Amino acid sequence: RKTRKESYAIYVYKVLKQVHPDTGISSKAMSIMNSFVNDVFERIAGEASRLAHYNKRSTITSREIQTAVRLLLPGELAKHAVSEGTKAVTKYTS
Amino acid sequence: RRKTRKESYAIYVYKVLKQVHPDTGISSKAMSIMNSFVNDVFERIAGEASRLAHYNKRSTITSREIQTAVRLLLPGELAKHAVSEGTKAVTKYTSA
Amino acid sequence: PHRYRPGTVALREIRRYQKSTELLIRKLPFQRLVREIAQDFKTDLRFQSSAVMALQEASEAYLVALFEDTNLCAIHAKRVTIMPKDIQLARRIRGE
Amino acid sequence: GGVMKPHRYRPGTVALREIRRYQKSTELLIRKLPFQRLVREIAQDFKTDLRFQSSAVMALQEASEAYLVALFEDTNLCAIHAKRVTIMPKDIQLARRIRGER
Amino acid sequence: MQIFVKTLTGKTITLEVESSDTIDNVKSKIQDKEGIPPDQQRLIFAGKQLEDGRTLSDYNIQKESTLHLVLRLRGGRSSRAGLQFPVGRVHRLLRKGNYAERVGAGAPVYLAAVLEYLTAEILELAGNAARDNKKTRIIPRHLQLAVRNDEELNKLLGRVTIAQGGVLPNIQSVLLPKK
Amino acid sequence: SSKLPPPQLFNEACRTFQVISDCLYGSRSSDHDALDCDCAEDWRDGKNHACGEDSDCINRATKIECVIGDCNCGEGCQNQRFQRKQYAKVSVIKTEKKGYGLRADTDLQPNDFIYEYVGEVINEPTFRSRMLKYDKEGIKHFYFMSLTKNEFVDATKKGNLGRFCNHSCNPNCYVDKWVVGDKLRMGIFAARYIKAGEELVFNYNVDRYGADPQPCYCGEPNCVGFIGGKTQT
Amino acid sequence: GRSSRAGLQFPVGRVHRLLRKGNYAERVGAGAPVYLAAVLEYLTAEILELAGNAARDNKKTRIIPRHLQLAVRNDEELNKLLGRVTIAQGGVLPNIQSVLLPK
Amino acid sequence: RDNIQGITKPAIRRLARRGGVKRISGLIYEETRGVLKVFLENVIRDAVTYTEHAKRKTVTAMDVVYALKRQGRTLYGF
Amino acid sequence: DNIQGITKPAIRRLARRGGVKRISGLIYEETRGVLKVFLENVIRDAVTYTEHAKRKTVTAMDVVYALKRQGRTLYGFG
DNA sequence: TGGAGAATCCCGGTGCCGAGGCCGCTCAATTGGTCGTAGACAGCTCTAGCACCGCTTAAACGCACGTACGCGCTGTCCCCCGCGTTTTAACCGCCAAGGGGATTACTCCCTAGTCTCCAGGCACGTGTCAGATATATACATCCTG
DNA sequence: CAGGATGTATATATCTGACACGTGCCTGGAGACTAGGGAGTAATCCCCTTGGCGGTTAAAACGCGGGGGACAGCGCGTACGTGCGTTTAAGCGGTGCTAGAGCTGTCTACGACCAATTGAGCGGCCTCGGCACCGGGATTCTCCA
Ligand SMILES: [Zn+2]
Ligand SMILES: [Zn+2]
Ligand SMILES: [Zn+2]
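Residue numbers (the entry's author numbering), protein chains in the order written: chain H, 27 to 120; chain D, 26 to 121; chain A, 38 to 133; chain E, 33 to 134; chain C, -71 to 3, 16 to 119; chain S, 80 to 84, 88 to 93, 101 to 117, 121 to 325; chain G, 16 to 118; chain B, 23 to 100; chain F, 24 to 101.
As structure tokens, then:
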């Protein structure tokens, strides 16, 4: 008797347990992280959408996501993010 | 052989200019600027209507969503007259 | 009769309020301000508590950033106090 | 006989004359070819043998000149605020700080 | 208070009005003298379309001000709505522009109306700026003046750069010589 | 002051010429089109000057003069004065060593229009021709001033009342370039307080081609005995 | 699960569903949600790691908004990515200008 | 009414202390109240526009967040 | 070195369009540094668009979109 | 400079509600087929970008000169700060209607997709005009005898 | 001392480059019809908003002394504006060459799409410990003798 409201809570919690062994996270901090993830998702997906539109393409492929990540993240963040993206796609196709 | 059919708002901006000031012309670069302006305003209003449809879990951009986008984008009397013009247009269109 | 110099209390308050994290405007007066501003658009509006908290957070953060830049202007003009024309300068540089 | 040199213009008069002349006109104020060489040098550090369309270099020159003009407008306002009439590096750094580019 | 109302045909009529008069009243006065129905009247002053409900005082309209009269046009899918801009092309751009799964029937008509109105407003301000500078061809400079001189359009277009447009003539008072 | 205290004519007076007040130059410029400013007047009958002589009007602040009739202020624009002659009051006093002085006739407010130096504007080969014919004729007074670096002015042929001046190492007036009708012109202006009676003498700053000038009779400790220019031409 | 196959903790299925139903393109490539989930995991991991470090530096084991704020503002590239972002209950950095300090 | 004076002088002084201000001119308080009135007027206007479009009678937290998002001052946590 | 190709008189003219009356001699190095940062960011984003589109030429549309991404949208090129 | 004094920090003790985990459930995620259009790729064409070169000349450059403006100092004075005392209203807990957000049930009209048809819009010649240019032409300069 | 050839400013018939209008053509827009699903509307519930009340006490208001920082004048020196003359790349046009943008054709891999299934993940409730708060001493900073 309550509408399903999805979130990123459990995944941010999994990442927190993988990076920090003994550390918890408050409700408000989890809300901030959830809104942050939805925000960055909206930014990257919007940038990939407009990038696909510009080049007269109708499909968001790995290339559009890669270029949008290089466009939005400054410097070293972009370098490590493109490394992580390529790693993930390499593992996933295998 | 012609090169490629590329669309623009050139002739419509020219018709509006001839409707408001018949003895006035416009430079080609100024027509380009006007085309970029129309495409810009279009992209902003369509983006805001898209966000409005998304936030309210709806999959249809109707005249109401465009109207709300217009009220958000134009500061004041521009919005009031834009809503007046849009209301006139939609009314005359659906009632004929 | 032991008094602090005019300014050390300012620095201790700066360290205190920059160290803590809580809303600095009184809740109920701010809620009356919000409802009063909302009256001139639609009559008998209701507000969720979280919406008023979000407004208070955005209001405090915007004022904090404005006062920080106003302070940088004040220090730039070889002063340590802020004047109205510094706030007007800061908002002008920002683009309003 | 002799040439009789009179008094020149006071400092600032020719400056204000330039102010009015350049605020009334619209031509580009940066030399096109040196700026194009600057663009190609900056682009060199990302992809070798990059080519540019003339309209791209022109759009970059317009954007660059508009950005610098707006920055100098803001710098002039902060400078005039500080009871001076001469902009200094601190003024531009303050402008960029308040704008959020730093 | 004497004011003038100028038509696009260039005729000026003179009205006598007070700061307490509403724009509705002024339009009524204009119908009396000129014969134009108020519903067709659109008044502009200080780069602002004037609101029927407001008073001349609200707009700081003083002695000898000139208000500009523009007539609002009452009355293919474009011809059915009395618009110049292409409703069909707007509909196609909305469907194939990836903005929503579905697009309403009234949305392209409304959007084309808003686009044509904004285009007409900026071209009117540009035309007036070009005519006041004794030129007959609209140039980027006149568009730049049209945008930066109208407060509302300036607000809407504060972060855009108009190519080859320059800036508004603005010299700080302090730069001028002293007494 | 009243140091240069029977006024003389123009044509105990100096050598004769023709009094001019208009543009009667050699051939001609300045090419700077001054457009019609939106200056608020405060002028219907002359209660206050429209483009005011010491207020903040954008034309007068940059040594630019409005043409008569095209500025928005109409004819009450006080920044039209080269075309309407709002000159000050001087006269020609005979002095046995300083020659001929422009004695002030009314007590003059500082930083205002005093007079205009008008004559014949010519170029360099005709200018050195004038120099050669005049020092072969044997004149002892030389009016070979330079409007710009290229052109030159001379007033002994067809000039006006601005001839009767000299050099003083302490100037009271000065001369500055203005523009009127796309024509570069010269105007002498005061800077200090000027009382009726003393000659209005400024810094010539001459680069004389000769070797023996007349001595600077200013008699001040700031005077080096001679005038003092820029180059030793 | 496709998440474990790609070595990610973020749900590639959920990301893919949001992409399809988010009106971004008519078609969504299979590698796109995997790549996007990877980038989201990296950004989340960086911010959480810095907030955790700051929390230990404040003798707390539970991350609160103030620690997220310190984490965001002490990373120059995150500050550039989040220059228009405001963190609720975050506060401000302890920055006192030199000219105000006693002499 | 005149309830905008509810934001009092020491609360503005507190905000300024958090902003790094050390001394405050007496006119700063009225200037800050006016600036805040303008800012809140714009944000509440956008919020009410979102609320009226959604056919709701209560301005929710999401309307305020999206309104702030439209002005490039996005807020996390609501 | 080509950043010195944007010569000092040109920088003065740029300030002249901005309304600046007197310019310190130290301004020019700061202005060239600012110009370098701005052009670096816009050109970097343009090159990112070209590398995505598999084209070797920076097109006008790429520059317009790159500028638009940084909130400095440019009219008059498409 | 050091002792007094105020403020803040640290360190343990208690209470508490919210983080963190489990349990039941449901619908969204995953898998397997099935297909249809997007795009990858090779090839070809033709525009336009880069490279070079000569020539002209407008702007950049370097130095000289001078003034006016920046900057440091000093006096004045006044306004905001520190603080004490008084007051007011925010705040916290508790309660009581009840409005309206959210969900349900079910219908129905509006819009995507398809098919049919033709004229509106775009690329391109063709004519026309602000604005710049080579050219007859009047008056002053040198030019040799 | 003397005209002729020459240089110069002036008005000019013309040349150029950008803009208005007519021409063929094609592809996308308009009209017509159908299906299905999003949404519109009635109906019900129940969360959480609004309103109220009362006691606490902390913050706000208010008043006053005083100090130090804002502001204005003065004075001083140096650096930047203006200008002149020298030089050099900028600009323009003219020429040549080929890289690559842009379009097309064909094919295929890849994702849309649909049905069945099942477990991942979400709501509810339940538990205990990190933290919020408090008190007492300890350090730390400030200021006036
Ligand atoms: Zn004027
Ligand atoms: Zn005038
Ligand atoms: Zn002397």
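We put the CB at the ideal spot given by N, CA and C, even for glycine.
Worksheet entry | Bounding residues of the alpha helix (DSSP H) (the contiguous stretch that carries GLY28 of chain G) | The sequence position of residue 28 of chain G within the seventh sequence is 13, counting from 1. From DSSP, the alpha helix (DSSP H) with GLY28 of chain G extends over 27 to 35.
query = Mapping DSSP to helix, strand and coil, what is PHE100 of chain B?
reply = Taking the eighth sequence and counting its residues from 1, the one referred to as residue 100 of chain B is at position 78. In the structure shown, the three-state DSSP call for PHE100 of chain B is coil.
What does the shell around ligand 3 hold, if a residue joins when its beta-carbon is under 5 Å from any heavy atom? My final list is S:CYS261, S:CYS308, S:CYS310 and S:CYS315.
Is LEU99 of chain H closer than 8 Å to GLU73 of chain H when the C-beta atoms are compared?
In the first sequence, counting from the first residue as 1, residue 73 of chain H sits at position 47. In the first sequence, counting from the first residue as 1, residue 99 of chain H sits at position 73. Between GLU73 of chain H and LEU99 of chain H, the C-beta gap is not smaller than 8 Å, which leaves the two residues out of contact.
Original post:
Considering only C-alpha positions, which residue in the set A:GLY132, A:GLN125, A:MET120 and A:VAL46 is nearest to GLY48 of chain B?
Top reply: The residue given as residue 48 of chain B occupies position 26 in the eighth sequence. Minimum Cα distance to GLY48 of chain B is reached at A:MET120.
From the DSSP output, in three-state form, read off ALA196 of chain S for me.
Position 104 of the sixth sequence, counted from the first residue, corresponds to residue 196 of chain S. Here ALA196 of chain S carries a strand assignment [DSSP, helix/strand/coil].
Problem - Sheet register partners of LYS(-45) of chain C (DSSP bridge) - result: For this step, residue -45 of chain C is matched to residue 27 along the fifth sequence. According to DSSP, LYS(-45) of chain C shares a beta bridge with no other residue.
(Q) Any heavy atom of ligand 1 inside 7 Å of the beta-carbon of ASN151 of chain S? (A) Sequence index remark: in the sixth sequence, residue 151 of chain S carries index 59 (1-based). For ligand 1, at least one heavy atom lies less than 7 Å from the Cβ of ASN151 of chain S.
Practice problem: Going by DSSP, name the residue or residues bridged to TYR266 of chain S. | Solution: Indexing the sixth sequence from 1 puts residue 266 of chain S at position 174. DSSP lists S:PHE281 as partners of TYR266 of chain S.
Taking 8 Å as the threshold (C-beta atoms), are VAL100 of chain G and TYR98 of chain B in contact? For this step, residue 98 of chain B is matched to residue 76 along the eighth sequence. For this step, residue 100 of chain G is matched to residue 85 along the seventh sequence. Contact flag set, yes.
Cβ closer than 8 Å: which chain C residues qualify as neighbours of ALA40 of chain G? The sequence position of residue 40 of chain G within the seventh sequence is 25, counting from 1. Under the 8 Å cutoff, chain C gives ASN38.
### Query
Can you name the residues of chain E whose CB is closer than 9 Å to the CB of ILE51 of chain A?
For the purposes of this step, residue 51 of chain A is taken as the residue at position 14 of the third sequence. For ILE51 of chain A, no chain E residue has a Cβ inside 9 Å of its Cβ, as the nearest lies near 19 Å away.
_Buried versus exposed call for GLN24 of chain G [16 or more other C-beta atoms within 10 Å across all chains shown]_ = To locate residue 24 of chain G, count along the seventh sequence from 1; it is residue 9. If you draw a 10 Å sphere on the C-beta of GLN24 of chain G, you find 16 or more other C-beta atoms in it, and that means buried.
Discussion item. For a test of the three-state rule: what should DSSP assign to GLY41 of chain B, helix, strand or coil?
Written reply: By 1-based counting over the eighth sequence, the position of residue 41 of chain B is 19. The answer is helix: DSSP assigns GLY41 of chain B an H, G or I state.
Next item on the list: Could you work out which residues of chain A lie near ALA103 of chain G, taking near to mean beta carbons separated by less than 7 Å?
Entry: Taking the first residue of the seventh sequence as 1, we reach residue 103 of chain G at position 88. Near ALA103 of chain G (Cβ distances below 7 Å), the residues of chain A are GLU94.
Margin query: ligand 1 and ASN140 of chain S: does the residue's C-beta get closer than 7 Å to at least one heavy atom of that ligand?
Written below: Here the question's residue 140 of chain S lines up with position 48 in the sixth sequence. Relative to ligand 1, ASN140 of chain S has its C-beta separated by 7 Å or more from all heavy atoms.
Exercise for the section: Have a look at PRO117 of chain G and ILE46 of chain B and give me their C-alpha separation to the nearest angstrom. Expected result: Taking the first residue of the seventh sequence as 1, we reach residue 117 of chain G at position 102. Taking the first residue of the eighth sequence as 1, we reach residue 46 of chain B at position 24. So the alpha carbons of these two residues sit roughly 18 Å apart.
Neighbourhood of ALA53 of chain G by C-beta distance below 7 Å, restricted to the same chain and skipping five residues each side:
On the seventh sequence, position 38 is the one that residue 53 of chain G refers to. Hits under 7 Å: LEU23.
Checklist entry - When every heavy atom of ligand 1 is checked, does at least one fall within less than 7 Å of the C-beta of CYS158 of chain S? => result Looking up residue 158 of chain S in the sixth sequence gives position 66. Relative to ligand 1, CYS158 of chain S has its C-beta within less than 7 Å of a heavy atom.
Strictly under 8 Å for the Cβ-Cβ distance: is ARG129 of chain E near chain A by that measure?
Working through the fourth sequence from its first residue, we reach residue 129 of chain E at position 97. At least one chain A Cβ lies under 8 Å of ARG129 of chain E.
*For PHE(-27) of chain C and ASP123 of chain S, the rounded distance between their alpha carbons*: What you label residue 123 of chain S is simply residue 31 of the sixth sequence in a count that begins at 1. What you label residue -27 of chain C is simply residue 45 of the fifth sequence in a count that begins at 1. Straight across, the Cα-Cα distance linking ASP123 of chain S with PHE(-27) of chain C is about 36 Å.
Margin query: Pop quiz: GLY34 of chain E and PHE219 of chain S are said to be a contact at Cβ under 8 Å. What is the actual Cβ separation, rounded to whole angstroms?
Written below: Position 2 of the fourth sequence holds residue 34 of chain E. Position 127 of the sixth sequence holds residue 219 of chain S. Actually they do not touch by this definition, with Cβ atoms about 11 Å apart.
Assign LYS(-45) of chain C to one of two classes, buried (16 or more other C-beta atoms within 10 Å of its C-beta) or exposed (fewer than that).
-> Within the fifth sequence, numbered from 1, the residue matching residue -45 of chain C stands at position 27. Around the beta carbon of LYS(-45) of chain C, a 10 Å sphere encloses 16 or more other beta carbons of the protein chains shown; the residue is thus reported as buried.
Fill in: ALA91 of chain A versus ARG27 of chain H: straight-line alpha-carbon distance, rounded
Here residue 91 of chain A refers to the residue found at position 54 when the third sequence is read from its first residue. Here residue 27 of chain H refers to the residue found at position 1 when the first sequence is read from its first residue. Spanning the two alpha carbons is a distance of roughly 28 Å.
- Query: Applying a beta-carbon distance threshold of less than 9 Å, which residues of chain D neighbour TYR98 of chain F?
  - Reply: What you label residue 98 of chain F is simply residue 75 of the ninth sequence in a count that begins at 1. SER57, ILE58, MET59, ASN60, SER61, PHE62 and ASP65, listed in chain order.
(message) If you measure between the beta carbons of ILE111 of chain G and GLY42 of chain B, is that distance less than 8 Å?
(response) Taking the first residue of the seventh sequence as 1, we reach residue 111 of chain G at position 96. Taking the first residue of the eighth sequence as 1, we reach residue 42 of chain B at position 20. Their beta carbons are under 8 Å apart, which means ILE111 of chain G touches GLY42 of chain B by this criterion.
- Listed from N- to C-terminal order along the chain, which residues in the stretch 108 to 119 of chain A have their beta-carbon within a distance smaller than 8 Å of any beta-carbon of chain E? Flagged, chain order: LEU109, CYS110, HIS113, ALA114 and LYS115.
Step through the CB atoms of chain E and report whether any lies within less than 8 Å of the CB of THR105 of chain S.
Taking the first residue of the sixth sequence as 1, we reach residue 105 of chain S at position 16. So no, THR105 of chain S is outside the interface.
_Using 8 Å as the threshold, is the C-beta distance between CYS110 of chain E and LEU126 of chain A below it?_
On the fourth sequence, residue 110 of chain E is found 78 positions in, with the first residue counted as 1. On the third sequence, residue 126 of chain A is found 89 positions in, with the first residue counted as 1. At a Cβ-Cβ threshold of 8 Å, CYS110 of chain E and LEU126 of chain A count as neighbours.
Check: Where does residue 18 of chain D fall in DSSP's three states?
Finding: A question about residue 18 of chain D goes unanswered here, because the residues of chain D that appear run from 26 up to 121.
### Query
Helix or strand or just coil, what does DSSP make of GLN76 of chain E?
For the purposes of this step, residue 76 of chain E is taken as the residue at position 44 of the fourth sequence. Reduced to three states, the DSSP call for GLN76 of chain E is helix.
TODO: Pull out every residue of the stretch 96 to 115 of chain D whose Cβ sits closer than 8 Å to any Cβ of chain B, in chain order.
DONE: Along the stretch 96 to 115 of chain D, the positions whose C-beta sits under 8 Å from a C-beta of chain B are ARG96 and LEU97, read in chain order.
message: Do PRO80 of chain G and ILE58 of chain H count as a contact pair if the criterion is CB distance below 8 Å?
response: Counted from its first residue, the first sequence places residue 58 of chain H at position 32. Counted from its first residue, the seventh sequence places residue 80 of chain G at position 65. Yes, they are a contact pair.
Discussion item. Tell me which residue opens and which closes the beta strand (DSSP E) that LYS(-66) of chain C is part of.
Written reply: On the fifth sequence, residue -66 of chain C is found 6 positions in, with the first residue counted as 1. -70 to -66 is the span of the beta strand (DSSP E), which, as asked, contains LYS(-66) of chain C.
(message) Let's see if you can read the secondary structure: which residues bound the alpha helix (DSSP H) around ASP68 of chain F?
(response) The sequence position of residue 68 of chain F within the ninth sequence is 45, counting from 1. Annotation for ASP68 of chain F: the continuous alpha helix (DSSP H) segment containing it runs 50 to 76.
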